[PDB]
Amino acid sequence: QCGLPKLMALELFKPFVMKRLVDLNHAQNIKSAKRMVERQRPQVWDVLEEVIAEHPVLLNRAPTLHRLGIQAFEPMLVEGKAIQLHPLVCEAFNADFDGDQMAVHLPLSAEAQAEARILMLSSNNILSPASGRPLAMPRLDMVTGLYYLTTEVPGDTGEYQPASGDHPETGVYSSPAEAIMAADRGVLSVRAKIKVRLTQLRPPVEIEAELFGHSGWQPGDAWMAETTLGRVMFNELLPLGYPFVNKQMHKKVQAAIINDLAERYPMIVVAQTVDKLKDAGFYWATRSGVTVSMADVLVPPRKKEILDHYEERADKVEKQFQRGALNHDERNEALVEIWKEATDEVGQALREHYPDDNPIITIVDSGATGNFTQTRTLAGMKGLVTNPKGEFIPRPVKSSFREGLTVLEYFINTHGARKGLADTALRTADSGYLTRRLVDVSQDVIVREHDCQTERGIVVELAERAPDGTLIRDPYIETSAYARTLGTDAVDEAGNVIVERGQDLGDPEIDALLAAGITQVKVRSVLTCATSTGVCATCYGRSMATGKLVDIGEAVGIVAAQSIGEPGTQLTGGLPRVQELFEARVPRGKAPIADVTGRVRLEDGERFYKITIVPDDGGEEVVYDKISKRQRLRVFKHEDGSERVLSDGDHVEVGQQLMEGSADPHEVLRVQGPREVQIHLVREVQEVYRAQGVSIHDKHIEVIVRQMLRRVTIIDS
Amino acid sequence: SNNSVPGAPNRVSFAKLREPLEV
Amino acid sequence: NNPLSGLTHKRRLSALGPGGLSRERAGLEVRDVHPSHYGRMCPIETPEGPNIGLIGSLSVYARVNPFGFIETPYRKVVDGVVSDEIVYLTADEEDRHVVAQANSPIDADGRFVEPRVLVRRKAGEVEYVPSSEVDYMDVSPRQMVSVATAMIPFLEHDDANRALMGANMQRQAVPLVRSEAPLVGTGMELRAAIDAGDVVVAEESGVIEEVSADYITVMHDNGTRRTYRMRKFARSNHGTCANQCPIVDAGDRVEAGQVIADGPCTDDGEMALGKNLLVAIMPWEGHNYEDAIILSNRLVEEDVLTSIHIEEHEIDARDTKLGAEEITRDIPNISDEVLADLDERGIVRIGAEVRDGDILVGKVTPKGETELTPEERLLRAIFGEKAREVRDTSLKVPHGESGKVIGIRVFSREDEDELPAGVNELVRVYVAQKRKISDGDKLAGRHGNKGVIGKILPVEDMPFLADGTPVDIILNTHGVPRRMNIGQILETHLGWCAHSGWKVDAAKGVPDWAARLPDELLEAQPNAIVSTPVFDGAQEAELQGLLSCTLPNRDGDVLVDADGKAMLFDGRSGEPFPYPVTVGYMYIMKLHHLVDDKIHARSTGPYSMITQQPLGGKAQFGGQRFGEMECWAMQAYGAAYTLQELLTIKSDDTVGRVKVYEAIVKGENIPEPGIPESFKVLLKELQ
Amino acid sequence: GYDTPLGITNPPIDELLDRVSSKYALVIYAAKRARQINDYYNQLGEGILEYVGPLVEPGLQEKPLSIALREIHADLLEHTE
Amino acid sequence: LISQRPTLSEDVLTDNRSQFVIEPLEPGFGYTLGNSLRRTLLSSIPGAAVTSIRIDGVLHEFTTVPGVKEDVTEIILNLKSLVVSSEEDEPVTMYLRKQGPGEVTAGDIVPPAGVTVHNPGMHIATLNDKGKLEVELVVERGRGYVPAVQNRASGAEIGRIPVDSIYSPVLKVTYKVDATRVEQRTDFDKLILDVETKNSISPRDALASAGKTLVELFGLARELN
Amino acid sequence: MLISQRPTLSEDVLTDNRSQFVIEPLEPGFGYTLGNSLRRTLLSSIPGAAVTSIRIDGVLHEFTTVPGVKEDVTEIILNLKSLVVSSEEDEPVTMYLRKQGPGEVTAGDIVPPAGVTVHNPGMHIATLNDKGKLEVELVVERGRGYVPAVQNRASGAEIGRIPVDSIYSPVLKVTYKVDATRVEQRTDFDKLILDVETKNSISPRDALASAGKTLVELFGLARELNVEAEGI
Amino acid sequence: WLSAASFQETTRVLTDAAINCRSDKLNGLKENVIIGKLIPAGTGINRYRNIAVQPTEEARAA
RNA sequence: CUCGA
Ligand SMILES: [Zn+2]
């Protein structure tokens, strides 16, 4: 639902209202029916309500970065002149309420209304199409409200007491309704730990097995739990039959639940469950006592002692600069590391001094909003500020904003603050320019076939095995392994296959291969998809927004271009590095590569650097010439030691990175082949977005690289 | 007091530093 | 918009223009703060749009020498001794010396307390230096900020980002019906109001001979009389109401240079950009969720945030090819009921309330017979109305406008009034609307804390204090510690102490926290006014101490705690809120971004003649632009039919848009889209 | 196994995706049937060969898109791809 | 632990403020009763207020009167403070004629039979030698707050100036409860309701009106289906 | 004042002892005013009877385990707390529950003295072990609302008597919410929704009617002051 | 050439388009948007677009 | 030209 003003709906639905004014005989002819809407005769407000009934509208907030920037809603006639927006779709629109405006568009044709009702409805688009993780979830006040009641308090009133002496067990309630009556009178706290007999909540799959196991828990069966009254009220919100969760509801915990609800439970259940979480979060956020006051901003206890110790070290480095023992360029770097270490000690002096009841800590630690770096700046010290040059000033801002900056401290702070806002307008221009280049290069990439049948795929590092024998989950599972489809049966040490070919890698199906010992899978990729123009659905995989296999006809290329260009607003590598990769430029790093596998011949000096390689089979020596300003990459030598700095005698493979930097993708193609240069571009782009906190599935990056290698040149006619 | 020159309302200042030169 | 916005405009320093630079020719180096801008150009007050850094505001004490450079005053230090001798130094002249910060500890004789003091050096170097090295020092702490920036209390507790917005939004304040000076001030509000020129200051001392709402007469000592005329309900450049009101009464001795009458956003001679509102910092049922604001309906019932706005409407009667347009009450095919508010000339009468669509000036233009539609000529024959060769071109009220007609101005060529050649008559109608605060209007404080109005609860729904007084505004707590604008919290604390008053324990000496406070601050009556100068003013130690000795109410009970929080009751349920909540008074301004102007909608309307696409802008009754990025969203959804519908029948299909309108009023289905007229123009241009 | 669908969420979008192959195909099924119902209401007073009326019982002043979306849900229509 | 019927007794503080104690009430019941009375008091107590005014020399709010210090807008804002009661429950007109010099107060109004001004000392306008103020004041009776009725909705002509109407006669309402939490067989809550009015009615008359409002309203749950 | 007519009360019956009531439409914003009052009146001001204290033979200074039955002490107290009962005598009434031999104990296996009535005879209480015996004494009193066990410490005699939480109130769980409903043109009018789940002692209909009677009497104390006017 | 001339370097594309005398098969997202056809994607592809819906033979009495 | 997100 959304709320639009009555005066907006009257003009938007003006011809429809005129039609109904003449049907119900409120107006003689369609001509006078128009004069009635223009004059706003009182009959139109009763007629307007009938018209907009179940007629969806489109809401849009510019900039339209991804497809969720436009969503469909059911209009509800509200008084006033402002549009009423649902609090859960704020994340998709990136819409705060500090003066934002949105546009409304009314679909007319039957097909357009059906496209809004089915394809664009806000309830049918809970997940992010870029990453598959939910967006319409508790985010600000709601997560704080839920984090409140799902907290265990050791000393809270009404807490369970073990039977001792003449009195039996205190704090064991027969029904949750009794616990509510206890909390109403004032005996029990919602956050106090107790024992309750539950009868309408499935116990955890851990304890459901020992109580029943043979048959599933039934609505009506009883069981005891050691939770709080709030945690029971929270578990009532999620649908019936969901395993009880006795955790503290952090944002990560709530996101995990909603992600699991979207995978297993149907769409309409997720849409209604998250509406319950919203109402419950806002209710308890009101009564969670979250407030900012000058008393709650606690200052570090050892504030003077810490700064005086580093003022001592700064005065010693200043005296080490008075005798000329330190270069002027080195004195700044020396003081920078003194004050960087000083801000870390003040930050640590704040974490331990601040209680967990303090609302400023509760906001940050519950995943609501804000960093502790902001909290440190608030109560501890601003730290080293940057001048318009870029390097940190050798003198930091010792005061905190709670204390109050001095005149010169404030003046030097504005230098970094203004240039922080200034370059943001230029960085968004280059972001949007890169985005529209990606849109045009992949605009016509459509899913036209169900399965192209090619057994080709690519190997994905599912997990890494430690020396002891434990298998460590690979960090790239989320973006490269999940939501894929298999192109080769997964075989463990036994002859049995765990997952068949062509099965969407769900959440438990990854743990099936994880617990089977196998650490590598061959999955179907859009890179290897052999189709004339578009791509097949089987090689694409699961639609991150739909949670199922992609439908035939979905413009996955535009979705991919939007998925990459939406987070491009925040970068430092950096944004030019992303442009260096997508434009196939000869990079700044210009790192060399091993054209032929063999033996390393390191002939290093100081005037320059030259390195040869004896081919491991035939061939002749290949001589290079490199500047001494670079350094060799620690190559995973055959010795199984990854930190083997490339010295002469190492056994490097073909297409191995020699020195650090960025290897020329043009040269990577003419060495290892088109299949490998595509993998290089994918995880090289992915390293830039991963190093910023943005999770884009490799699927979308691969859709762009597929278009970069569609053409070949002619050598002989 | 703050700005006792034109005949304004008596706004009391938390001033620790004197103003040597008026605006 | 308000007197402060005008004062700031006359003190702007613009890099753009002839002889300066182009906007396309301005890198990130021309825009950022330079160390020589200290005390000359403000580093805070600058727009955040594409003109960031290119437009600055002159510092307070700064001045310009006949050469063109900007001089700033400094106190000449002889031999480590502060002197009252003040000299203005240019940018390079300042670099040839070293200057001490304004807040330096100084002996009563003038000698610096510490040998090493924070000193600014050439190339933007800040470091300690011997007391025998200081050549000059700053005049005032606020020497580096602008007039608007110097109006932010506890500015030293707000980051530069929100401080920039705080000063930029003060210039966007709307003059209210009645004005309240802020409880927590800075001292700059007085000189900012007087030097702006929107008040009435007495030139010469004397007594008030006669005072009226129309004019003020002053009887001087020598015997002469000067009479100052009040500007009443005048329309400003931006539609705000510039209205002056006398302050003095009959027979009041008034000195020279004293404010005898104050105008918009002024109270007793001080800038009153907003109102003092009782604020509570708590989330409330999601209505204040991320920067939305909850308001008490008392602000609507008592016109606390009501503002007057005046629009100017204009139309002229010209000479056409087939005659001359005439302004007449006789309009073809209009009842005597629509024309009931018009006088005998066809002009709306003074005092009439006019909604949108109402006629303001009745003008008819003669249309030729050869310009008639076949249906229109048949429709003229089937009604027997001959001699109607004129059509309706009357001045009507635009969509979204409504108010009382307050003034009419008529200019006629017949009556010696010099109109442009080809014009016979000119009429201007002034309409005034009284705008109460509405859901969606944009409010903001002085610390860059902005937000729209999300909900206006009834007075009983509001969380109320122990004695039954409900709060006025509820601000979400989540949007406070991110922005680094603690100044709003410190203002709330000091604001409450100003509302209630305080009394420091005098027995057993002066306490250790109030040792630095002036003796005038040890006692305060309720509703007292205070000053927190920029980079000076109240310290948190003194603020914490004042909260401990706040005066009790009329019943003798102290409502807020020494922490600054108070116990609130849920007005909807009755149960008291489980935890104490920060409660106090904050100065809130009504910004000139109101939903009454920003709402717009269009079914059909005018189309651009060349491209045959709908017009743009609200004033032209245009449509919204489904841009390039929005088409990518439709394609990403696969909404092919919605996308085709938007770009054809709903935009520039000349025959498709008409047949769609007929299909709707007929109840038929939507027809098939045709070919866009804009694509036809593209081909004719490639040719 | 869910709360009663209110407003535009009825019929549930999950069940509607069962009688159809994809989200996009359901759009055309509902829109073309909605045009049939609208042509029935406009050709009920005149002419023969009018399109098949509402297969299910329509509510008062119900949009043809809603009627069509329930007839699709009740397995009363066919298709031709 | 059995029932004893609760009792309501009045205590007077001033001529327009009274406290009301209601005991004994069930534990946790006192806060909800005080709220339901406070919400009904602050919103639904009948009273009278001025609907529209009419000054002879003016035709709209945005102008001045010769000789008076306040513009018509400021005079209307001062008239929003007027407290008045009316017996007629129908539109009735108040008049005010005053020749300067001097100050026009609320006592200078001549109310017709049935209505009466309850603060004759309220400042309205300041008049000099040339000042003359002649005002008509329409007073109706309603409840709550109704904004100024438009001239397009009413039959009022150009001269009339509609004003906002604040009909509520109660000024400030609060409450406190004293819970008896001594662990024993007897626990009870005592509600202390505090009611302040604006001299239009007495505090017990307001509480009586809120009593009949809630007795009538809660009687909807007593009727069976 | 002015007339405010057409507020009606409808009932949707979920289960036999749980119904949803709607009061629609109410003037803005009276739903909130009376929403919390109707709930607190239901939950805390309806006369009912419940177990005040119990005493188990063979349980003196332990309170950890009862020999001869699978359930321990606190599990016996729980299902005994949920025993629904009604009495016509205001003074406390002592009941005895005794059964021997292997089998199962129910609330029907109790012997109720004249005046009291057990409404859930099929409620499980305890499983009797082989050659098992269970004697227990129950104390039933009348009261309103919910009173903790600690306040029933004086009701038990110094001889292995344990006090229990008394769920006197016949209703178990009540929640309310307020929505919007437009009567004519304005959408401000409130619609109150009450959800009351009660025991089988009385239906939700009579529970609401009992709360209304006690509320009309409560605000009647204020109405008796002057008898002035107000629109209906 | 119509999808390219609307992206970058309009004159550089239109010159080579007229010299090589290129003919544009109007089958693409960007092209159909310009001329007003249904985009060959989503509900615009021929698989979903040309679909006939007919009621099952069961019908009511009236 | 200036401003709003
Ligand atoms: Zn494929």
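Residues numbered from 1 in each chain as written, not as in the entry; some residues may be left out. Chains lettered and ligands numbered in written order. Part of a larger assembly, values for the part shown. Heavy atoms only, no water. Residues with missing side-chain atoms left out of burial classes, pairs and counts.

Per the deposited record, X-ray crystallography is how this structure was determined, to a resolution of 3.300 Å.

Considering the overall build of chain G
Assigned secondary structure in chain G consists of four helices and zero strands. Its helices and strands in sequence order give chain G the pattern α-α-α-α, from N to C terminus. Relative to the 2.2 N^0.38 estimate, which gives 11 Å for 62 residues, the radius of gyration of chain G is 20 Å and therefore markedly larger than a compact globule would have. Per-residue burial for chain G yields a buried fraction of 39% across its 62 residues. Excluding contacts between residues fewer than 6 apart, the proportion of contacts in chain G whose partners are at least 24 apart in sequence is 18%. As presented, chain G carries roughly 3800 Å² of accessible surface, and 52% of it is formed by carbon and sulfur atoms. For chain G, the centre of its 8 positive side-chain charges and the centre of its 6 negative side-chain charges are spaced 1 Å apart. (Helix = DSSP H or I, 4+ residues; strand = E, 2+ residues; numbered from the N terminus. Rg over C-alpha atoms; globule rule 2.2 N^0.38 Å. Buried < 20%, exposed > 50% of the residue type's maximum accessible area, 1.4 Å probe, protein only. Contact = heavy atoms within 4.5 Å. Areas by Shrake-Rupley, 256 points an atom, 1.4 Å probe, with all protein chains shown as cover. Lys, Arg positive; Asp, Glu negative; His and termini not counted. Charge placed at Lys NZ, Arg CZ, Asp CG, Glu CD.)

Overview of unusual backbone geometry
A cis amide bond links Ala 62 of chain A with the next residue in sequence, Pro 63 of chain A, at an omega value of 0°. Within the secondary structure, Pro 63 of chain A is located in the loop between β2 (57-60) and β3 (70-73). Here the residue pair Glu 24 of chain F and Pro 25 of chain F is connected by a cis peptide bond, since its omega of -10° sits within 30 degrees of zero. Tracing the backbone through its elements, the reader meets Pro 25 of chain F in strand β2 (residues 18-26). Although it is not a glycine, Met 484 of chain C sits at a positive phi angle of roughly 60°. Following the sequence through the fold, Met 484 of chain C ends up in the loop between β36 (473-475) and α8 (487-500).

A look at the interface of chain F and chain A
Facing 27 residues of chain F, the contacting portion of chain A comprises 23 residues. Among the elements of the structure, α1 (30-44), α2 (73-81), β10 (146-147) and β13 (171-180) of chain F are those that each provide at least two residues to the side of chain F that touches chain A. Looking at the side of chain F that touches chain A element by element, the count peaks at five residues for α2 of chain F. Looking at the side of chain F that touches chain A, its residues break down into ten nonpolar, seven polar and ten charged. (Nonpolar A, V, L, I, M, F, W, Y, C, P; charged D, E, K, R; others polar.)

A closer look at the coordination of the zinc ion
Residues and elements named next belong to chain A. Here the zinc ion is held by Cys 452 (SG), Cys 529 (SG), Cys 536 (SG) and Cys 539 (SG), and the distances to it run 2.4 to 2.5 Å. If you look at the zinc ion, its four donor atoms make angles of 100 to 128° with each other, and the shape they trace is tetrahedral. Summarised as a motif, the one-chain spacing of the donors to the zinc ion is C-x76-C-x6-C-x2-C. Placement of the pair is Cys 452 in the loop between β9 (447-449) and β10 (458-461) and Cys 539 in helix α20 (residues 537-540), with a sequence separation of 87 residues. (Donors = N, O, S within 2.8 Å, 3.2 Å for Na, K, Ca; no water. Tetrahedral: all angles 85-135°; square planar, octahedral: opposite > 155°, others 65-115°.)

Side note on the interface of chain A and chain C
Across the contact, 99 residues belong to chain A and 114 residues belong to chain C. Of the roughly 9600 Å² buried between chain A and chain C on both sides combined, carbon and sulfur atoms contribute 63%. On inspection of chain A and its partner chain C, the count reaches eight salt bridges. The residue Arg 287 of chain A makes a salt bridge to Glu 285 of chain C at a minimum N-O spacing of 3.2 Å. Remark: the boundary between chain A and chain C carries 48 residue pairs in polar contact. When grouped by side-chain class, the residues that make up the side of chain A that touches chain C number 50 nonpolar, 26 polar and 23 charged. (Buried area = accessible area lost by both parts, 1.4 Å probe. Salt bridge = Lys/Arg side-chain N within 4 Å of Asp/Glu carboxyl O. Polar contact = N/O pair within 3.5 Å; in protein donor to acceptor, adjacent residues only side chain to side chain.)

Describing the pattern of salt bridges
This model, assessed by the stated rule, comprises 127 salt bridges over all chains. Its salt-bridge partner being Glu 134 of chain E, residue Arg 97 of chain E comes within 3.5 Å of it at the nearest N-O pair. You can see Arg 97 of chain E sitting in strand β5 (residues 92-99) and its partner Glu 134 of chain E sitting in strand β9 (residues 132-142), a full 37 residues away along the chain. Between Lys 132 of chain E and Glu 134 of chain E there is a salt bridge, with its nearest N and O atoms 2.9 Å apart. The class of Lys 132 of chain E is partly exposed, set by a relative accessible area of 38%. One salt-bridge network, in which partners are shared between bridges, spans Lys 590, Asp 595, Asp 664, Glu 667 and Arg 670 of chain A.

Quick look at the nonpolar core
Soluble globular proteins tend to pack their nonpolar side chains together in the buried interior. Residues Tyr 410 of chain A, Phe 14 of chain B together with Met 271, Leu 295, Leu 443, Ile 473 and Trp 502 of chain C are the most contacted members of the largest nonpolar core, which totals 103 residues. Beyond its immediate chain neighbours, meaning those up to four positions away, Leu 295 of chain C contacts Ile 437, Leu 443, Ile 453, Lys 455, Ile 456, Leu 457, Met 462, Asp 472 and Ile 473 of chain C. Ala 555, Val 694, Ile 696 and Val 703 of chain A belong to the second-largest nonpolar core, a separate cluster that totals 94 residues. (Core = buried A, V, L, I, M, F, W, Y, C linked by side-chain atoms within 4.5 Å.)

Considerations on the protein's contact with RNA strand H
Lining the immediate surroundings of RNA strand H are 17 residues, of which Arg 61 and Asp 100 of chain A together with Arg 23, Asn 51 and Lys 442 of chain C lie closest. Each atom of RNA strand H within 4 Å of the protein was classed as base or backbone; sugar and phosphate made up 100%. Measuring from a phosphate oxygen of RNA strand H, one finds a side-chain N or O atom of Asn 51 of chain C at 2.8 Å. Here the surface near RNA strand H is built from residues that sort into three nonpolar, four polar and ten charged. (Near = heavy atom within 4 Å.)

Brief notes about the sheet that holds strand β29 (residues 363-366) of chain C
Each strand in a sheet pairs with its neighbour through backbone hydrogen bonds, running either in the same direction (parallel) or in the opposite one (antiparallel). All names here are of chain C. On the basis of which strands lie adjacent, the open sheet formed by three strands has the order β26-β29-β30 and antiparallel pairing. The outermost strands of the open sheet, each flanked by one partner alone, are β26 (326-327) and β30 (390-392). As paired elements, β26 and β29 share two bridges and run antiparallel to each other. Its bridge partner being in β29, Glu 326 is matched across the sheet by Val 364. (Pairing = 2+ DSSP bridges.)

Points about the arrangement of the chains
No other pair of the twelve pairs of chains in contact has as many contacts as chains A and C. For chain D and chain F, which are not in contact, the least C-alpha distance works out to 14 Å. Separating chain B from chain G is a minimum C-alpha gap of 56 Å, and the two share no contact.

Comments concerning the packing of aromatic side chains
Counted by the stated rule, this structure contains 19 aromatic pairs over all chains. A centroid spacing of 6.3 Å and a plane angle of 85° characterise the contact between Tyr 148 of chain A and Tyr 579 of chain C, whose relative ring orientation is edge-to-face. Of this pair, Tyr 148 of chain A sits in helix α7 (residues 141-149) while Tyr 579 of chain C sits in the loop between β40 (565-566) and β41 (581-590), placing the two residues on different chains. Using a relative accessible area of 11% as the deciding quantity, one classes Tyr 148 of chain A as buried. Ring plane angle 15° and centroid distance 5.1 Å describe the contact between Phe 218 of chain E and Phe 219 of chain F, whose orientation is recorded as stacked. Taken as a pair, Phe 218 of chain E in helix α3 (residues 203-222) and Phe 219 of chain F in helix α3 (residues 204-223) lie in two separate chains rather than in one. Per residue, the accessibility class of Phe 218 of chain E equals that of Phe 219 of chain F, and both read buried. Over the ring of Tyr 607 of chain C we find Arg 602 of chain C; its NZ or CZ atom is 5.1 Å from the centre of that ring. (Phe/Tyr/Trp six-rings, centres within 6.5 Å; stacked < 30°, edge-to-face > 60°. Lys NZ or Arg CZ within 6 Å of the ring centre and 35° of its normal.)

A look at the packing of helix α2 (residues 14-23) of chain A against helix α3 (residues 30-39) of chain A
Residues and elements named next belong to chain A. Across the interface, α2 lies against α3 with an axial gap of 9 Å and an inter-helix angle of 120°. Considering the angle they form, α2 stands oblique to α3. Between α2 and α3 the crossing geometry is right-handed. On the side of α2, the interface is formed by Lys 14, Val 17, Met 18, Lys 19, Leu 21 and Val 22, while α3 contributes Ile 30, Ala 33, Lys 34, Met 36, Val 37 and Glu 38. Considered class by class, the residues forming the contact of α2 with α3 number eight nonpolar, no polar and four charged. (Axes fitted to C-alpha atoms, helices over the stretch in contact; angles between N-to-C directions. Parallel < 35°, antiparallel > 145°, perpendicular 65-115°, else oblique. Left-handed = near helix turned anticlockwise from the far one by under 90°.)

Thoughts on the domain arrangement of chain A
Residue and element names in this part refer to chain A. Per the domain assignment, the segments making up chain A are domain 1 (141-287) and domain 2 (294-424). Each of domain 1 and domain 2 was reduced to a C-alpha centroid, and the two centroids are 42 Å apart. Between domain 1 and domain 2, the residue contacts involve five residues of the former and six residues of the latter. Of the roughly 450 Å² buried at the junction of domain 1 and domain 2 (both faces included), carbon and sulfur atoms supply 56%. When the area that domain 1 buries against domain 2 is broken down by residue, the three leading residues are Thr 144, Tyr 147 and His 250, summing to 68%. On inspection of domain 1 and its partner domain 2, the count reaches zero salt bridges. Our count for the contact surface shared by domain 1 and domain 2 stands at three residue pairs in polar contact. Ranked by residue count, the leading element in the side of domain 1 that touches domain 2 is α7, at three residues. Among the residues making up the side of domain 1 that touches domain 2, the classes are represented as two nonpolar, two polar and one charged. (Domains from an automatic or database assignment.)

Examining a nonpolar patch on the surface
Together, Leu 378, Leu 379, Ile 382 and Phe 383 of chain C make up a nonpolar patch on the protein surface, roughly 430 Å² of accessible area in all. Relative to the helices and strands, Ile 382 of chain C is located in the loop between α7 (374-381) and β30. (Patch = residues over 30% accessible without salt bridge, like charges linked within 9 Å, V, L, I, M, F, W, Y side chains within 5 Å.)

Details of the side chain of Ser 128 of chain A
All names here are of chain A. Within the element layout of this structure, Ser 128 appears in the loop between α6 (110-119) and α7. We classify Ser 128 as buried; its relative accessible area is 10%. Polar contacts involving the side chain of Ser 128 include one to the side chain of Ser 131, which spans 3.4 Å. Leave out the neighbours within four places in its chain, and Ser 128 touches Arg 133, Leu 135, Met 544 and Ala 545.

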